[PDB]
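First up is the structure itself, then whatever we jot down about it.
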Ligand SMILES: Cc1nnc2nc3ccc([N+](=O)[O-])cc3c(-c3ccccc3Cl)nc1-2
């Protein structure tokens, strides 16, 4: 840590504070996150899983646990807010989704889940790239109810199988989260802004329909499923994400499939016709 000069605090992660910092030797500017050997082993393995749309883990220092990350200047949440009045142009939305799916496809091919995808851990630069931060840390530390600052961890992007009590969920949970984020960029409003687990579930239910054995085999048997769940009817995506075109609505509906086994994969999504005219605009 004596190798680093903290430049400024740039935020608070789930697990610890994040600083902008400079390497005193190399002058390299990095992001420094300050936070059990099983966790150390898991994180170490993540150091080799490099991809251009994954925020690079440069180093792990343990003496307290410090993670040294590639630095980017802005997060997507701030950009979405800054864009709220005009909306992010479709071509940039399309480019960001395309890149995020490439990041998911890579990590998932290695059987690593993110588990807590949200706008606040997607980072962007002036060159039009977008990258996922905190990938893999959920398996290392778990996903708390509150952050280290007691802030409520958002439920808005949490897949329904997690909410319904499944212990062994899949890479599909990340596709769900990304679909929620996709819808949010398009409409400029959170798709399912739940303020508790049950409110989160019911918001999902009110839009996509209360799931049954027809749409989701095995659902009524899950740990936290209750037969007393109100039965809401499914709404049209035309009503959910106007004015997204039918290619976009088709892809989104597949990313939000209830059955995790049927939910579209990152690799399959990259081949969806929605990305036929994908380009790489700069923000
Ligand atoms: C890793 C990593 N590398 N560069 C980073 N740059 C940032 C620039 C702006 C903002 N911000 O909030 O304005 C946050 C970050 C974060 C970050 C901080 C707290 C919680 C989560 C995240 Cl992702 N992390 C970065």
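Residue numbers (our numbering): 10 to 292. Even for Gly, the Cβ is constructed at its ideal location relative to N, Cα and C.
Give me the Cβ distance between residue i and residue j, rounded to the nearest whole Å; I'm assuming they're in contact under 8 angstroms.
i: residue 150; j: residue 280; result: Residue 150 to residue 280, Cβ: 34 angstroms. No contact.
i: residue 214; j: residue 238; result: 7 angstroms
i: residue 231; j: residue 173; result: 4 angstroms
i: residue 85; j: residue 171; result: So it is not a contact: roughly 22 angstroms between Cβ atoms.
i: residue 345; j: residue 161; result: Summary: the structure shown does not reach residue 345, with the chain confined to residues 10 through 292, and so no result is reported for it.
i: residue 260; j: residue 283; result: 5 angstroms
i: residue 242; j: residue 203; result: Residue 242 to residue 203, Cβ: 19 angstroms. No contact.
i: residue 224; j: residue 267; result: 5 angstroms
Is there a Cβ of chain B sitting closer than 8 angstroms to that of residue i, yes or no?
i: residue 127; result: No chain B is present in this structure, which holds just one protein chain.
Can you give me the Cβ contacts of residue i inside the same chain, cut-off strictly under 7 angstroms, excluding the 5 residues immediately before and after it?
i: residue 222; result: 228, 229
i: residue 114; result: 275, 276, 279
Which residue marks the beginning of the beta strand (DSSP E) containing residue i, and which one marks its end?
i: residue 74; result: 74-79
i: residue 20; result: 13-21
Which residues in the same chain as residue i place their Cβ atom closer than 8 angstroms to its Cβ, once the five residues preceding and following it in sequence are excluded?
i: residue 5; result: Any question about residue 5 goes unanswered here, given that the chain covers just 10 to 292.
i: residue 98; result: 290
Is DSSP giving residue i helix, strand or coil here?
i: residue 287; result: coil
i: residue 130; result: helix
i: residue 238; result: coil
i: residue 215; result: helix
i: residue 244; result: coil
i: residue 68; result: strand
i: residue 30; result: strand
i: residue 141; result: strand
i: residue 258; result: helix
i: residue 50; result: helix
With distances taken between CB atoms, is the gap from residue i to residue j smaller than 8 angstroms?
i: residue 26; j: residue 141; result: no
i: residue 79; j: residue 67; result: yes
i: residue 75; j: residue 127; result: no
i: residue 288; j: residue 92; result: no
i: residue 264; j: residue 187; result: yes
i: residue 185; j: residue 199; result: no
Which residues in the same chain have their Cβ closer than 6 angstroms to the Cβ of residue i, if we skip the five residues on either side of it in sequence?
i: residue 147; result: 124, 125
Tell me where the alpha helix (DSSP H) around residue i begins and ends.
i: residue 87; result: 85-91
i: residue 38; result: That residue, residue 38, is in no alpha helix (DSSP H); its beta strand (DSSP E) goes 38-43.
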